[PDB]
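Trainee: Chains as they are written, first to last, in the deposited numbering: chain F, 1 to 52, 52A, 53 to 82, 82A to 82C, 83 to 100, 100A to 100L, 101 to 113; chain A, 23 to 70, 76 to 247, 252 to 347; chain C, 348 to 577, 584 to 620, 641 to 644.
Here it is, the structure, as structure tokens.
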Amino acid sequence: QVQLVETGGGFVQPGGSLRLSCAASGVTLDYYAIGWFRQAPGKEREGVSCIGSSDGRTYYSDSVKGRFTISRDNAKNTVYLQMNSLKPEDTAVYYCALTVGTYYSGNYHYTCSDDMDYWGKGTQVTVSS
Amino acid sequence: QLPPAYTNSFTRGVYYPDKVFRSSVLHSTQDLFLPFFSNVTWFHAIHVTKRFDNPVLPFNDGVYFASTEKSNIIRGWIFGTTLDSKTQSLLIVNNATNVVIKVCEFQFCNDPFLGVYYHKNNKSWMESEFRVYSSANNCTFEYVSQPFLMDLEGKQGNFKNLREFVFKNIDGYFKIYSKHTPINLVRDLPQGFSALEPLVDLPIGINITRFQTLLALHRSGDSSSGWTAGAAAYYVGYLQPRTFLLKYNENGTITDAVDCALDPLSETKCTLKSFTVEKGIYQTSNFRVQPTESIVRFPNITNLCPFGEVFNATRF
Amino acid sequence: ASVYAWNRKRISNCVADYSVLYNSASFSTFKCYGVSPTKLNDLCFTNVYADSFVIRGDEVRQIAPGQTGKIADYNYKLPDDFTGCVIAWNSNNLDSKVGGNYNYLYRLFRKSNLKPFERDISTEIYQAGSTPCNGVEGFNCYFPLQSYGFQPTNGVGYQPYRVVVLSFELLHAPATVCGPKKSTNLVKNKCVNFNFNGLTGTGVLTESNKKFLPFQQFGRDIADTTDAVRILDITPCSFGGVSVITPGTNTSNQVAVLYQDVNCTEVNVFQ
Ligand SMILES: *[C@@H]1O[C@H](CO)[C@@H](O)[C@H](O)[C@H]1NC(C)=O
Ligand SMILES: *[C@@H]1O[C@H](CO)[C@@H](O)[C@H](O)[C@H]1NC(C)=O
Ligand SMILES: *[C@@H]1O[C@H](CO)[C@@H](O)[C@H](O)[C@H]1NC(C)=O
Ligand SMILES: *[C@@H]1O[C@H](CO)[C@@H](O)[C@H](O)[C@H]1NC(C)=O
Ligand SMILES: *[C@@H]1O[C@H](CO)[C@@H](O)[C@H](O)[C@H]1NC(C)=O
Ligand SMILES: *[C@@H]1O[C@H](CO)[C@@H](O)[C@H](O)[C@H]1NC(C)=O
Ligand SMILES: *[C@@H]1O[C@H](CO)[C@@H](O)[C@H](O)[C@H]1NC(C)=O
Ligand SMILES: *[C@@H]1O[C@H](CO)[C@@H](O)[C@H](O)[C@H]1NC(C)=O
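Written out as structure tokens, the structure is:
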């Protein structure tokens, strides 16, 4: 019954600033990697960020430019992602997804494949002239 | 260095051809037997060089191995084709503790052997060195028998025990046949006839082309020079496919035997299926001439097939 | 061991009873191919290779000859002509940890599919991105190993199944593993069908006076036919001819019957 949800997709002219909330419920895993994957129409399933819950190490793509900040809300079991300087092509519906951690050789790995366990209803972001 | 010595084996090296009981009957069986009165290679072990001879010998169709011992110098055998861990090998040892039969890919050294140390302070002998193999990774067959202890000392005098073995390898089965005998000679081959009872039929299923021998030495300067072999002798002969007429007795033992290819009389006995040949004339076989140097004859005309007319045609 | 590195052990040089193994309520999943459940004891094999691991409930169906899947392609491949079969049973009690990552891992990424019966020890990073990863773990350079997460509350499809696959091999040598072929009771003083160590026949088994040798099993008399066995003598029971003595139908109708060479203490009776 582990549930995930995304909120906060926002529409504005180019260069805006937006907040995305990834709220989970009934998580049964002490450690879990959470990722954000975009999908608008005509736009496939490619990763933008994925984060390890044990310490907060962050993997991110060549399009982060630093405007993608993801904070691990520990108390409210949430991923708080904020993006400024909106990119007109990064417009998409976004899924935030949860995977089990990896404990190999006494160290933790956080892998976020194209298919990542359960997904959640997406939030669409539209930014264009 | 000294050239290998030969010996004339006399009615020696006969094993039970099959498992079936037979009483007061004569059975003519065609098996891999040891020919009567044959040259077997003789290998010594005498302190007097020191005559340390454990060379590599072929394993063509079976091996007869006699051993005249007084101190259990003979230890065992190693079987294989390459003996370099490239192909699976086999090992049998009558160690001072157990009986060991391994079948595995072993990296055999140039001179595999065993050595029992002797201490001058106390009359005790214990196994010291065992240099046969180094590694063993991929293999299946393994066996170590129940532990047991024997003398381990080297007595003075002449040979007193005769250990006879026959090794055969056919249909993936390695059969060892064994026999023990009390003998009181000095330096010879014991006379008389005694059949060799089976010992075990190991289901190995490998190619064995060559084999060696394992001997026990005595130590009491340099490791490569400070060794004494101790007195013993072992006889090696080769088995050939021959037909033997074996006479049993009231019990199941093979009391006597003849070989059909020793002399005309033995062949006649084989034909008559009896040890006693009555006065007369008997057809036994057929003398024939085996032709050699086959010759083929054809007309001598090449006929000048015109390959050149096409290969060299000037303008092409 | 985990599925990515399955442990293989060899069984040989022993007699194997599969009947107890097959009639066991513990083993929920038992599908066998290339072997007969009715005649498994009769069949003999040189070597047995047992590969043991643990997988998910759904992945059990993936482990089958000619079947492809995420686990099958990258962790354990079964040959098309595979001889032997697989055994699976639930082990949710062993993985009783409430929640967390486990050391059990599977190779979710690989460059190409495995050859049959191939093991991949190496766990180097899979360079998914076309851009040179340059040996850096991260995005587009995902770690090939993925954990399982066997929780007790998980559904039946996610419960751990302990899967062991037995492969039977008959090399260029006589087999070393055979069925129990348990012996039945011995019956004598009456001609019966006997099969002693592969020696088949019919006849009366009788107490023996002849003494064999320790290694001797069978026994043959003149003309090379079995007369004793290990010790009992084999004597075929009374067979012969039957003739009818008649005075002629012209003078009478009743007849006498001669059973030749038969001690009729077995079968107006004269010997
Ligand atoms: C066989 O033994 C006899 C023994 O006198 C010997 O003369 C002969 O040379 C031997 N045969 C061979 C081939 O060496
Ligand atoms: C014999 O003496 C040696 C000393 O070289 C010693 O190591 C060994 O234990 C002794 N054995 C016995 C039985 O006294
Ligand atoms: C033994 O040698 C024969 C040579 O014909 C070969 O066919 C066979 O494969 C070999 N077997 C082993 C176990 O080396
Ligand atoms: C062999 O047969 C003889 C009968 O002549 C008998 O005395 C002897 O005991 C038998 N051998 C054995 C080992 O029983
Ligand atoms: C074949 O041999 C015969 C016999 O001497 C000879 O006359 C003839 O010329 C030969 N032919 C050729 C083509 O060598
Ligand atoms: C022409 O070709 C033929 C091939 O049949 C060859 O034998 C011959 O030598 C060639 N000519 C010369 C001059 O080598
Ligand atoms: C028996 O044979 C005699 C010949 O003397 C004949 O007369 C008679 O009819 C025969 N009886 C029967 C029943 O055939
Ligand atoms: C026939 O059998 C009886 C008992 O079964 C025996 O007394 C008799 O001697 C047998 N006949 C012969 C000819 O031995």
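The beta carbon of each residue, even a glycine, is placed where N, CA and C say it ideally should be.
Would you decide whether A:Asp228 is buried or exposed? Buried here means 16 or more other CB atoms lie within 10 Å of its CB.
Mentor: Exposed.
Trainee: Are the CB atoms of A:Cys136 and A:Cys166 within a distance shorter than 8 Å?
Mentor: Cβ atoms of A:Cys166 and A:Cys136: not closer than 8 Å.
Trainee: Within its chain, find whatever has a CB closer than 8 Å to the CB of F:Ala88; leave out the 5 residues flanking it on each side and keep chain order.
Mentor: Hits under 8 Å: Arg38, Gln39, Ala40, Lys43, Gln108 and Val109.
Trainee: Sorry if obvious, but does the Cβ on C:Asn606 come closer than 7 Å to a heavy atom of ligand 7?
Mentor: Answer for C:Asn606: no, Cβ out of range of ligand 7.
Trainee: With A:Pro209 as the anchor, note down where its beta strand (DSSP E) starts and where it stops.
Mentor: Counting along the chain, the beta strand (DSSP E) containing A:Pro209 begins and ends at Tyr200 to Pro209.
Trainee: Between F:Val96 and chain C, is any beta-carbon pair separated by less than 8 Å?
Mentor: Closer than 8 Å to some Cβ of chain C, the Cβ of F:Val96 qualifies, so yes.
Trainee: Which one of A:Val327, A:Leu296, A:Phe329 and A:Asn331 has the shortest CA to CA distance from A:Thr315?
Mentor: When each option's Cα is compared against that of A:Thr315, the closest is A:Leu296.
Trainee: With hydrogens ignored, establish whether the beta-carbon of A:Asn164 is closer than 7 Å to any heavy atom of ligand 6.
Mentor: Outside the cutoff, so no.
Trainee: Kindly indicate which three-state DSSP category A:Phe318 falls into: helix, strand or coil?
Mentor: Of the three classes helix, strand and coil, the one that applies to A:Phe318 here is coil, per DSSP.
Trainee: Any idea which residues DSSP pairs A:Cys301 with across the strands?
Mentor: Paired residues: none, contrary to the question.
Trainee: Using a Cβ-based criterion (distance less than 7 Å to any ligand heavy atom), does A:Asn343 qualify as near ligand 6?
Mentor: Yes.
Trainee: Can you check which of these residues, A:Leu212, A:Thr109, A:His69 and A:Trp104, is closest to A:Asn81 by C-alpha distance?
Mentor: With distances taken between Cα atoms, A:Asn81 lies closest to A:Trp104.
Trainee: Could you tell me which residues DSSP puts in a beta bridge with A:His49?
Mentor: DSSP output for A:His49 lists A:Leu277 as bridge partner(s).
Trainee: Of all Cβ atoms in chain C, is any one closer than 8 Å to the Cβ of A:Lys206?
Mentor: So, not an interface residue.
Trainee: In chain order, what residues place their C-beta within less than 6 Å of a heavy atom belonging to ligand 5?
Mentor: Selection output, chain order preserved: A:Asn331 and A:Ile332.
Trainee: Shorter than 8 Å from the beta carbon of C:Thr523 to some beta carbon of chain A?
Mentor: Closer than 8 Å: yes.
Trainee: On the DSSP letters alone, give me the boundaries of the alpha helix (DSSP H) that A:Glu340 sits inside.
Mentor: Counting along the chain, the alpha helix (DSSP H) containing A:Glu340 begins and ends at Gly339 to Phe342.
Trainee: If you reduce the DSSP assignment to three classes, tell me which class C:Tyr351 lands in.
Mentor: Of the three classes helix, strand and coil, the one that applies to C:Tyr351 here is helix, per DSSP.
Trainee: For C:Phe543, tell me which candidate among C:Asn532, C:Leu368 and C:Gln493 has the shortest Cα-Cα distance.
Mentor: Comparing Cα-Cα distances from C:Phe543 to each of C:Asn532, C:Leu368 and C:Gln493, the minimum goes to C:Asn532.
Trainee: Measure from the alpha carbon of C:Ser530 to the alpha carbon of each residue in C:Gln644, C:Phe541 and C:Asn641, then state which is nearest.
Mentor: Ranking C:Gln644, C:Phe541 and C:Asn641 by Cα distance to C:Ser530 puts C:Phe541 first.
Trainee: Look up C:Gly594 in the DSSP assignment and say whether it is helix, strand or coil.
Mentor: If DSSP states are grouped into helix, strand and coil, C:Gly594 belongs with coil.
Trainee: Chain F partners of residue 291 of chain C, CB-CB under 7 Å?
Mentor: Outside the displayed range of chain C (348 to 644) lies residue 291 of chain C, so it cannot be described from this structure.
Trainee: Going by alpha carbons, who is nearest to C:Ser469 out of C:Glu554, C:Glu619, C:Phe643 and C:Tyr421?
Mentor: Looking at the Cα atoms, C:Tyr421 is the closest of the given residues.
Trainee: Exposed or buried, which one is A:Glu191 when buried takes at least 16 other CB atoms within 10 Å?
Mentor: So A:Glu191 ends up on the buried side.
Trainee: Check whether chain C comes within 8 Å of F:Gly9, counting only Cβ atoms and requiring the distance to be less than that.
Mentor: So no, F:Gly9 is outside the interface.
Trainee: Determine whether the beta carbon atoms of F:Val5 and F:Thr28 lie at a separation below 8 Å.
Mentor: No; because the gap between Cβ atoms is not below 8 Å, this pair is not in contact.
Trainee: Inspect the beta-carbon positions of F:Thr100G and C:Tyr489 and report whether they are closer than 8 Å.
Mentor: Contact flag set, yes.
Trainee: Take A:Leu117 as the anchor and find which of A:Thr76, A:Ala163, A:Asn149 and A:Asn87 has the nearest alpha-carbon.
Mentor: When only C-alpha atoms are compared, the closest one is A:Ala163.
Trainee: Quick one: Cα of C:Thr385 to Cα of C:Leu455, how far?
Mentor: Their Cα atoms are separated by approximately 38 Å.
Trainee: Closest to C:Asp398 by CA distance: which of C:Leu585, C:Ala348 and C:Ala475 is it?
Mentor: Cα-wise, what sits closest to C:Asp398 is C:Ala348.
Trainee: Look at the Cβ atom of C:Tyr508, then the Cβ atom of C:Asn437, and state whether they are nearer than 8 Å.
Mentor: Taking 8 Å as the Cβ cut-off, C:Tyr508 and C:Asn437 qualify as a contacting pair.
Trainee: Let me check one thing: in DSSP terms, what residues is A:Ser31 bridge-paired to?
Mentor: Answer is A:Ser60.
Trainee: So, is the C-beta of C:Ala435 closer than 8 Å to a C-beta in chain A?
Mentor: Chain A contact via Cβ: absent.
Trainee: Report all residues from its chain with a CB closer than 6 Å to the CB of A:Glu154; omit the five preceding and five following residues, and keep chain order.
Mentor: So the qualifying residues of the chain are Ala123 and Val143.
Trainee: So which residues on chain F does C:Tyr489 lean against when the C-beta distance must stay under 8 Å?
Mentor: Correct list: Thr100G, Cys100H and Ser100I.
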